[PDB]
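As given, the protein sequences belong to chains A and A', one line each in that order. A prime marks a further copy of an entry chain. Going letter by letter, the first sequence gives residues 3 to 99 in PDB author numbering. Going letter by letter, the second sequence gives residues 3 to 99 in PDB author numbering. First comes the structure, then the notes that go with it.
There are 2 protein chains.
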Amino acid sequence: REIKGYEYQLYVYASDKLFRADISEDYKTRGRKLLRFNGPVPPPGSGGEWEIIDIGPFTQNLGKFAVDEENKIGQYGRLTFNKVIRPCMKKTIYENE
Amino acid sequence: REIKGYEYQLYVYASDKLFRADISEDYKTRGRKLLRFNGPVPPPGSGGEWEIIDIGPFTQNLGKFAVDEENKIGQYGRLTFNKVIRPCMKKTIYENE
């Protein structure tokens, strides 16, 4: 159907360290935003599959953690946690064999 | 094999607006970090599949954008872009039908 935009997930080396970065790109305006840039991270190849998990108490508490931490940053003002909705995804990251 | 940690991807309502949040959780220490919190975002159900794309010039330029934007933030000091490595993932987000 009609395209709203794109999201990209990158592994990027910067200053010889590896980072994960996510970028949004609007379709109509082509405007880009950095959504995530974290690391250093392990190289790819040691992650499991993304699996959808339930939205029970453990998952709701992950949402509270996210809101508490975002409130420390302040990008979106003072937020009040409501709830985590489906889908929630989990991936295991393994050490190198 | 040996578990290093987990990553979670959430859709979280806060102050009645929908956000995407990513959280890391270390296996041994259980320590958590907020990696991403952006929005407001469209509800789930209108995204395509994540598809691995090539790491040619367009993708390298996404890495430069990410590093330039992270340098404005300063969390990791002044970084020098090196390169984007495989895998690079792209998803299309559609408007509501």
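Yeah, the Cβ is synthetic: ideal placement off N, Cα and C, and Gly gets one too.
| request: Can you have a look at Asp70/A' and say buried or exposed, based on whether 16 or more other CB atoms are within 10 angstroms of its CB? | output: Mapped onto the second sequence, residue 70/A' falls at position 68. Flag for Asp70/A' reads exposed.
| request: Specify, as a first and last residue, the run of the beta strand (DSSP E) that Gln11/A' falls within. | output: Mapped onto the second sequence, residue 11/A' falls at position 9. Its beta strand (DSSP E) spans residues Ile5 to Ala16.
| task | Mind reading off the beta-carbon distance from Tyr96/A to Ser48/A? Whole number of angstroms is fine, and I expect it under 8 angstroms. | result | Working through the first sequence from its first residue, we reach residue 96/A at position 94. Working through the first sequence from its first residue, we reach residue 48/A at position 46. At roughly 5 angstroms, the Cβ-Cβ gap stays under 8 angstroms, so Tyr96/A and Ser48/A are in contact.
| said: What residue range does the beta strand (DSSP E) around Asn40/A' cover? | reply: Translated into positions along the second sequence, residue 40/A' becomes position 38. Per DSSP, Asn40/A' belongs to the beta strand (DSSP E) from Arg34 to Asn40.
| Extent of the continuous alpha helix (DSSP H) run through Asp70/A | Against the first sequence, residue 70/A aligns to sequence position 68. Residues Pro59 to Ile75.
| said: I'd like to know whether the C-beta of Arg3/A' is nearer than 8 angstroms to at least one C-beta of chain A. | reply: Along the second sequence, one-based indexing puts residue 3/A' at 1. The beta-carbon of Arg3/A' is placed less than 8 angstroms from the nearest beta-carbon of chain A.
| said: Determine whether the beta carbon atoms of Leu20/A and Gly41/A lie at a separation below 8 angstroms. | reply: By one-based count along the first sequence, residue 20/A stands at place 18. By one-based count along the first sequence, residue 41/A stands at place 39. Yes, the Cβ-Cβ distance between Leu20/A and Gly41/A is below 8 angstroms.
| said: Can you pull the chain A neighbours of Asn63/A', defined as C-beta to C-beta under 7 angstroms? | reply: As a position in the second sequence, residue 63/A' is number 61, starting the count at 1. What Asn63/A' touches in chain A: nothing, since even the nearest Cβ is about 10 angstroms away.
| Limits of the unbroken beta strand (DSSP E) element including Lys85/A | By one-based count along the first sequence, residue 85/A stands at place 83. Start and end: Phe83 to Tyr96.
| Which residues in chain A sit within 9 angstroms of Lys92/A', going by Cβ to Cβ distance? | Position 90 of the second sequence, counting from 1, holds the residue named residue 92/A'. Close to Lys92/A', with beta-carbon spacing below 9 angstroms, are these residues of chain A in chain order: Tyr8, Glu9, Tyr10 and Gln11.
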